[PDB]
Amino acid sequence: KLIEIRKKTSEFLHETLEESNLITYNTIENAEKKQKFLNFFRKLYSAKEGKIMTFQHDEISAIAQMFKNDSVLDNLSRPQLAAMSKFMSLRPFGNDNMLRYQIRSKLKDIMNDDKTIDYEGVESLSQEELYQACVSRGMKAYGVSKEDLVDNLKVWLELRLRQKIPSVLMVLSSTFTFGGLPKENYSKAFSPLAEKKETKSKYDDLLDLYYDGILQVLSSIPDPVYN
């Protein structure tokens, strides 16, 4: 069962993260980005019980975009790539270079598919196509209502097509719905605009939860400013 595979590979991946170096802080493009990076992590680690830190979607997205696929995939080990492949319902085989190729190949398929779906509208998809679309992108889908599948897929498309959040980081962040209750980071994502709506949509709520999974990955690794 996929659910089975996702629970074990997620839990394993979360273990690996605690000692992974996924980004090189000193190789960040420019000086303004480095200070954003410093501010973000300083803020992250200042959170504590009775001292919850809130992060804007746009605040998180700028940091998230520094964890680029090329660099992240090259930094993942073979066991991490294997677990990541299985989580994405692929059959991993070969050396780490081949695993990277299979994952990249898949992300290209997903890219071509995302364009199609976004142009036609998620509402044009059948129940069965929604289910499959979500599985392929690292999203639950199992036991999930059609409407919720639609909203999940809309969230994925906004973050990928419009916010440009790196897809590998995205997949890794979604493993945090399959643990393994996440280690509390006392941090939370929000959109100022959405917080002023008389009613936030399920989409808006799902968008916050997604950014929260991203924060969860960012709180999982060793302090990037030290390592």
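All residue numbers refer to positions in the sequence shown, first residue = 1.
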task: Please work out which of 94-102 and 137-145 has the higher mean CA B-factor as recorded in the PDB entry.
output: 137-145
- line: Mean B factor on CA atoms, stretches 168-176 and 181-189, record says higher is 181-189
task: Among the candidates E195, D58, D70, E32, give the one with the maximum CA B-factor reported in the record.
output: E32
- request: Would you please rank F87 by its C-alpha temperature factor against the other modelled residues of its chain and give the third it falls in: lowest, middle or highest?
  value: middle
CA B-factor ranking of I117, expressed as a third of its chain: middle
statement: The third of the chain into which the C-alpha temperature factor of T24 falls is the highest
statement: For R162, the third of its chain by CA B-factor is the lowest
query: Is the Cα B-factor recorded for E15 in the lowest, middle or highest third of its chain?
result: middle
